[PDB]
Amino acid sequence: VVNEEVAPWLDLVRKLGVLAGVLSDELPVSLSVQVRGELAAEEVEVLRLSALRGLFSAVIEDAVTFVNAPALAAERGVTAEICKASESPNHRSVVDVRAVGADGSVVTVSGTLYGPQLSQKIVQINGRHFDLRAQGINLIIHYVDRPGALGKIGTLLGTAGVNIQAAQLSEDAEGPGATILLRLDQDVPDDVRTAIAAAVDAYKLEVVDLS
Amino acid sequence: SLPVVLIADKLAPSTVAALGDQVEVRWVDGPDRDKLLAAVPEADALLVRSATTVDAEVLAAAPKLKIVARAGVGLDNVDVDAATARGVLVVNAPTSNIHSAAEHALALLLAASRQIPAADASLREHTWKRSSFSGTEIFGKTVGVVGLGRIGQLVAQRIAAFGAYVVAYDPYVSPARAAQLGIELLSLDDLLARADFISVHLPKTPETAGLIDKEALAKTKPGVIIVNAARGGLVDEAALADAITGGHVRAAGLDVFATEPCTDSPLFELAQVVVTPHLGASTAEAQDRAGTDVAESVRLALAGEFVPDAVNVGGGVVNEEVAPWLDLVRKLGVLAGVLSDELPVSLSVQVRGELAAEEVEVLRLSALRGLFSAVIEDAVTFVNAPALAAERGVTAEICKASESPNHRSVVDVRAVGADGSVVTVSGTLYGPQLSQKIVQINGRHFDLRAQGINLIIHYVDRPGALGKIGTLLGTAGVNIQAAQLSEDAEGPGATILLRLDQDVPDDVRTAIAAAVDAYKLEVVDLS
Amino acid sequence: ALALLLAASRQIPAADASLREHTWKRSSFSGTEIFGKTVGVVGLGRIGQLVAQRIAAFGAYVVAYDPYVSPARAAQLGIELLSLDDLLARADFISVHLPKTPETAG
Amino acid sequence: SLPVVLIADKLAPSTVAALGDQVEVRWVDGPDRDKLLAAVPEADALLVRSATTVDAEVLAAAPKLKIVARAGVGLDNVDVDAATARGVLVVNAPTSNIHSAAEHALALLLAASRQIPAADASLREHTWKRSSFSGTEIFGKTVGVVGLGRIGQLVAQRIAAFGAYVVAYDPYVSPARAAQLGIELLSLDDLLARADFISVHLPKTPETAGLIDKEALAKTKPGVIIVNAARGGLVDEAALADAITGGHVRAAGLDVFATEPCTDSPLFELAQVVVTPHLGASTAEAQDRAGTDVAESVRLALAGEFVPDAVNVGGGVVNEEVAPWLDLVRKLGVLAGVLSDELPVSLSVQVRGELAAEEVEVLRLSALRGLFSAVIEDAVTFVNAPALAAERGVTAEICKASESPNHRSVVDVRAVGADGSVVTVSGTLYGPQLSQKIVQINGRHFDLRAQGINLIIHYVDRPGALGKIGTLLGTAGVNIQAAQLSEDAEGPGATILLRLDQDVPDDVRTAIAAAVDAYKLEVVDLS
């Protein structure tokens, strides 16, 4: 039995997996799922599968099933780990999916669920904090903070007929950079991604479907 | 072992008899550094006026000091930050001068309209220039009071008995309260247009400074008489001089100056401007009231009772768990105030989650302090809730709930309007540094540093709005540190909040408004 | 009458003068507060009646000497009627006025 | 000589320990006439529940009786008029049942939606009819609370934790207060349309009686469940029965009946209606709270202190000069309330002239009692101002002024709205009989008996209006005793007030409105 407390997290952690993957430039060699807070008292093994399954759909043709995935990860040299800690520093419960590349680079993505609807929310990308619905087409940009930056991103999207349903932009604690997330009403043509990316000096720019 | 109360400035024992006979009162020459520092070591309480300075050095030499009390209203001679840092309760006497100061405003209004000092001078010179003078009758006239706190209220009441109609401008008094006072509340523009007399009664804050400038002085009634017994440079001194000379304002009374110790204002060369050297509180009765007020405050303090005239936090008065929440809640009040169309009648402070297990009444006061900070002076952290309710018409309450939907603890500050609408703003602290985060505004969720200059825009024209907004800000040279924006759940509206690296010029505000078609455009400094 | 009571109470002329000769003698002045004091009005013809109502609004108690004024009218102006002697004993401020009976005024 | 406290009904000493040891408590069998009358002569205080009747005979036999206290909420068994007449303070325990009664409303809501009594009965009969039952979930549903006083507030709060949205109808709660409660205020029509559950929480007054009739029951949502744990016939019993049978309302819970001792309601023949014999307060905890409340009240009374739970006037508590002003001021509150567009946030009571020399705080309470009398029960003359402010959002203050412009003494009751507008109504007493006169409404002056049915009309079509109004009233057979009417100082409006000899039918009201083109048409009984 997947426990009633645990079930609603499945689809979320899958999406954190999708996110950790699209956001990794190279296929990760390790995937680590950390369960913190109230959730940590449940049986969350199945969330490791969920994350992996998410990781691999973002990379491999013909999406993975649930018993399909562990062997598929092993076969591609990806190892998975799961941690459970009662202690969560901020949210009552949060899950972090951490993907480490062969070159040692790290991507963490975190999600929670709260409210009467148990709405799924993305709440961290790499130590930047957010509260955005885990749904729809989301554009992620890590860029160089110059005057004009946010405007150029907005000008180009709008110029392309692409409407922004929500968006949140945080500034790096100790960097020259900034990272924004935008939920869009439709995909962004390649040409326009390249444009956004040159207009700001994007380290990273990805679009991901969180349906 | 009776607690020691050290009087460092010139307060007589009789002034201070409200301290029990349960204490040992001593006296010291406070201005004299070596004496003060020699005597302060054994002090439990330290009372002071203005001659003595209670800076860090004094505090560091006073190891068991529990209250610093200033018999007065200014806190200029007390480093309140340092006293807070060391756990020292600071107290003053905030209503001790209101009558002597109201009366002085009235004194100046009348002296100016009847040209008293000049007349008295003409007889002093041994001549009879009766024919040359010409006063202004108050009866039947309109008097504009700018700022309706305790003193402006006292002035309104006195002036009304002269058969003047009174109007006021004060966005920090509720309409019901002004109507209880029998005072009509106006836009500053409307006050300016209508007033035969203007008396200013604002505190000095950057929101206030120079309020009445050349542009304001030009909107007044020809023949107006203006009084400022309140603060520093509320009326632009040069604009005043110009309009006096030029004829437009007939007379004026000033008791306070842009920069005090002031012996050289050009206003001193105009006969039709009555001036006085910051008298207002200069009165045996006011100086006694100060002394006896502060004496009672020290009494309660030592008796381990609640000190309503507290200006700060010190002692067990706040748990270590709660302390860091004060400043954040202050900022929720500021923000709830800014997002409100007009002054809320009440603030509902809701504490949810782990925090709810704490003793959190001080937070209700923090919310109020923030809401009202456009009319509160920097040093003061605490406000007298019962006084603020009675003076201005606004209350606060606190509610607890075990459950917090998302974060372990969250505070929500619900600002409620007379008409029943609500503006909700929430925050948390989290992490090693316990950094302050704004997490909800009106059902919208996010995670933004509670700090810096923030631009908030409610608007109706959606497509490309991010583009327009960012591009105008960026063309103005304004960096955007962070941002949150979403399309309204119901209706054609959208809302963005941006943290900026500087303020936003007025023309650019107007541009942004026009471009996204805003109905609300605000900029609050969340420091 | 109010203007003068206030100008004398706060030493306005002497305080305005000191400024005009470019000195800051704040510490030389020391006014008298009206609030809560007892004001004696001598004579209650109309101007005195008006003075007393204006002074009441400063939160002062008003006594007056005028033996020909309607006692009901005095009460309505919130005035306690006294003999001249008693007024003089109790008065912190005194304003003298044309009385109701024009020159039995002493 | 210790004062005697006589307990005439079944209250245990422990219930009453809040009376000091400074008193001699005795007990008597109150229902037993001869015993009661034998014991009451030495009584200083008399406590009672409901079994004993404190009528004139009892009072006349109790020469030094100072308080009659009813441990409960009803005053049915106490002749309060007679006690007032003899100077006897009457007291009850007005918040002593609110929890047990809220809980019972909830009990009934749940029992009705889950068909408990019938289910329990089916198992009692030794069969398993699980398949036949079908409950109604509360989560996510809309619950309409009709009347938002203490109990409706407690019910709203309990029901909200079940994840129901709560709406209320109560014209005697301010919007700010309802919003502090997190409750949405609605017209009765809108509540009816939206509510899946309705719980009634009105007092019985003629303004209230039968509120929810056939016409209301027909506007509700199909499938609604209705509870009345409040009062008598607030929901028309026959209309209810019809709508239950007819299907439209799914279920109901009743704890009170149009005419009690009730053993024969047709509702008792419907399974889908849960009924209980006026339990609600029937609880050890509620009966104890009553006893200990009333005991404290008696304590304060004897200690010559202020009794907040007073229901009336007795003793020196009111000067002989002031006494006759109570009733008139009550009527100024009623009228200020009626002439107000919506509930004022505060009443400013201004006492001018000779009266201002008196001690007149009770008048501020009289004004409140009048303002709120649509939700106050007859016997009660006094209201608990602090309680009413906290529960409903409305305050009162009193101001004095030596001068009265015209009459020797006048009271003005200023009703102030949240938006700052003011409605002013004044009265005097004058003459041998000290007859009560209404003398001003909103700057208009006149002299009209404060008595009888009065029609007030604000209207915009002036020429011939007197003709139209009088002719319609007269065709309806309505005599006009007195009248005052004037054309508004500024604008196209006019105002008439008429004292009539009976009420005015609804069609004739509509006719008058149409004919003079009214915006305000009201009829208040100024008895």
# chains A, B, ... in the order shown; residues from 1 in each chain; ligands from 1
>>> select_by_dssp(residues="chain A", states="strand (DSSP E)", output="NGL selection string")
:A and (28-37 or 79-85 or 93-101 or 106-114 or 119-125 or 128-133 or 137-144 or 164-171 or 177-184 or 204-209)
>>> interface_residues(of="chain B", to="chain D", cutoff="8 Å", atoms="only C-alpha atoms", output="number ranges by chain")
B: 175-180, 345-346, 348, 416-422
>>> closest_atom_pairs(of="chain A", to="chain D", cutoff="12 Å", atoms="only C-alpha atoms", output="CSV")
residue,atom,partner,partner_atom,distance
A:115,CA,D:163,CA,11.8
A:116,CA,D:163,CA,9.0
A:117,CA,D:140,CA,11.4
>>> residues_around(residues="residue 122 of chain A", least_positions_apart="5", cutoff="7 Å", atoms="only C-alpha atoms", output="number ranges by chain")
A: 110-112, 130-134
>>> write_last_selection(atoms="N, CA, C and O atoms", output="tab-separated table (two decimals), in the first residue's frame")
chain	number	residue	atom	x	y	z
A	110	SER	N	13.38	21.53	-5.31
A	110	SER	CA	12.56	21.09	-4.17
A	110	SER	C	11.09	21.40	-4.38
A	110	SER	O	10.75	22.38	-5.00
A	111	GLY	N	10.22	20.56	-3.82
A	111	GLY	CA	8.79	20.76	-3.95
A	111	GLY	C	8.09	20.56	-2.64
A	111	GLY	O	8.58	19.82	-1.82
A	112	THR	N	6.99	21.28	-2.41
A	112	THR	CA	6.04	20.90	-1.38
A	112	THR	C	4.62	20.79	-1.83
A	112	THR	O	4.30	21.13	-2.97
A	130	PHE	N	11.05	30.09	-4.07
A	130	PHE	CA	9.95	30.36	-4.98
A	130	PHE	C	8.73	29.71	-4.37
A	130	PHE	O	8.83	28.91	-3.46
A	131	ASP	N	7.57	29.99	-4.96
A	131	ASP	CA	6.36	29.25	-4.65
A	131	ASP	C	5.53	29.30	-5.93
A	131	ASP	O	4.67	30.17	-6.13
A	132	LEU	N	5.79	28.36	-6.82
A	132	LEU	CA	5.10	28.34	-8.09
A	132	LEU	C	4.48	26.99	-8.28
A	132	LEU	O	5.06	25.98	-7.90
A	133	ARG	N	3.30	26.99	-8.89
A	133	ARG	CA	2.57	25.77	-9.14
A	133	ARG	C	3.39	24.89	-10.02
A	133	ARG	O	4.03	25.36	-10.98
A	134	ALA	N	3.40	23.61	-9.71
A	134	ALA	CA	4.13	22.63	-10.51
A	134	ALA	C	3.18	22.15	-11.58
A	134	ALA	O	2.58	21.08	-11.43
>>> closest_residue(among="C:56, C:105, C:96, C:1", to="residue 34 of chain C", atoms="only C-alpha atoms")
C:56
>>> interface_residues(of="chain D", to="chain C", cutoff="7 Å", atoms="only C-alpha atoms", output="list in words")
residues 353, 402 and 403 of chain D
>>> residues_around(residues="residue 193 of chain A", least_positions_apart="5", cutoff="12 Å", atoms="only C-alpha atoms", output="number ranges by chain")
A: 139-141, 153, 156-157, 160, 162, 187-188, 198-202, 204-207
>>> atom_distance(atom1="atom CA of residue 42 of chain A", atom2="atom CA of residue 94 of chain A")
12.9 Å
>>> residues_around(residues="residue 81 of chain A", least_positions_apart="6", cutoff="8 Å", atoms="only C-alpha atoms", output="PyMOL selection string")
chain A and resi 30-33+48
>>> write_last_selection(atoms="N, CA, C and O atoms", output="PDB file, in the first residue's frame")
ATOM      1  N   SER A  30      24.385  10.510 -10.298  1.00  0.00           N
ATOM      2  CA  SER A  30      23.683  10.236  -9.061  1.00  0.00           C
ATOM      3  C   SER A  30      22.420  11.085  -8.948  1.00  0.00           C
ATOM      4  O   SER A  30      22.363  12.236  -9.392  1.00  0.00           O
ATOM      5  N   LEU A  31      21.407  10.498  -8.333  1.00  0.00           N
ATOM      6  CA  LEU A  31      20.189  11.200  -8.028  1.00  0.00           C
ATOM      7  C   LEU A  31      19.897  10.946  -6.558  1.00  0.00           C
ATOM      8  O   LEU A  31      19.914   9.808  -6.095  1.00  0.00           O
ATOM      9  N   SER A  32      19.643  12.015  -5.824  1.00  0.00           N
ATOM     10  CA  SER A  32      19.419  11.899  -4.400  1.00  0.00           C
ATOM     11  C   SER A  32      18.118  12.571  -3.989  1.00  0.00           C
ATOM     12  O   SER A  32      17.891  13.749  -4.281  1.00  0.00           O
ATOM     13  N   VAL A  33      17.260  11.822  -3.311  1.00  0.00           N
ATOM     14  CA  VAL A  33      15.962  12.357  -2.946  1.00  0.00           C
ATOM     15  C   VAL A  33      15.929  12.470  -1.446  1.00  0.00           C
ATOM     16  O   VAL A  33      16.071  11.467  -0.750  1.00  0.00           O
ATOM     17  N   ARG A  48      11.548   7.675  -4.293  1.00  0.00           N
ATOM     18  CA  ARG A  48      12.774   7.432  -5.053  1.00  0.00           C
ATOM     19  C   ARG A  48      12.479   6.918  -6.473  1.00  0.00           C
ATOM     20  O   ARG A  48      13.040   7.409  -7.466  1.00  0.00           O
TER      21      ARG A  48
END
>>> closest_residue(among="D:136, D:199, D:292, D:22", to="residue 152 of chain D", atoms="only C-alpha atoms")
D:199
>>> atom_distance(atom1="atom CA of residue 62 of chain A", atom2="atom CA of residue 23 of chain A")
20.0 Å
>>> residues_around(residues="residue 489 of chain D", least_positions_apart="3", cutoff="10 Å", atoms="only C-alpha atoms", output="list in words")
residues 443, 444, 486, 492, 493 and 494 of chain D
>>> write_last_selection(atoms="C-alpha atoms", output="PDB file, in the first residue's frame")
ATOM      1  CA  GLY D 443     -30.192  70.597  11.601  1.00  0.00           C
ATOM      2  CA  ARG D 444     -34.005  70.857  11.376  1.00  0.00           C
ATOM      3  CA  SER D 486     -39.391  71.249   5.550  1.00  0.00           C
ATOM      4  CA  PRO D 492     -33.747  69.240  -4.367  1.00  0.00           C
ATOM      5  CA  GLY D 493     -34.825  67.232  -1.297  1.00  0.00           C
ATOM      6  CA  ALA D 494     -37.466  67.509   1.416  1.00  0.00           C
TER       7      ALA D 494
END
>>> select_by_dssp(residues="chain C", states="helix (DSSP H, G or I)", output="ChimeraX atom specification")
/C:2-9,12-20,26-28,46-57,71-76,84-90
>>> atom_distance(atom1="atom CA of residue 472 of chain B", atom2="atom CA of residue 181 of chain A")
21.0 Å
>>> residues_around(residues="residue 37 of chain A", least_positions_apart="2", cutoff="6 Å", atoms="only C-alpha atoms", output="MDAnalysis selection string")
chainID A and resid 39:40 86:88 92:93
>>> write_last_selection(atoms="C-alpha atoms", output="compact mmCIF listing (two decimals), in the first residue's frame")
# COMPACT_ATOMS: atom_id res chain seq x y z
CA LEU A 39 6.53 13.43 5.50
CA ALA A 40 9.77 11.92 6.82
CA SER A 86 12.34 14.87 10.58
CA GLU A 87 13.99 18.27 10.59
CA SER A 88 12.92 20.74 7.87
CA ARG A 92 6.42 21.55 7.34
CA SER A 93 7.48 19.00 4.73
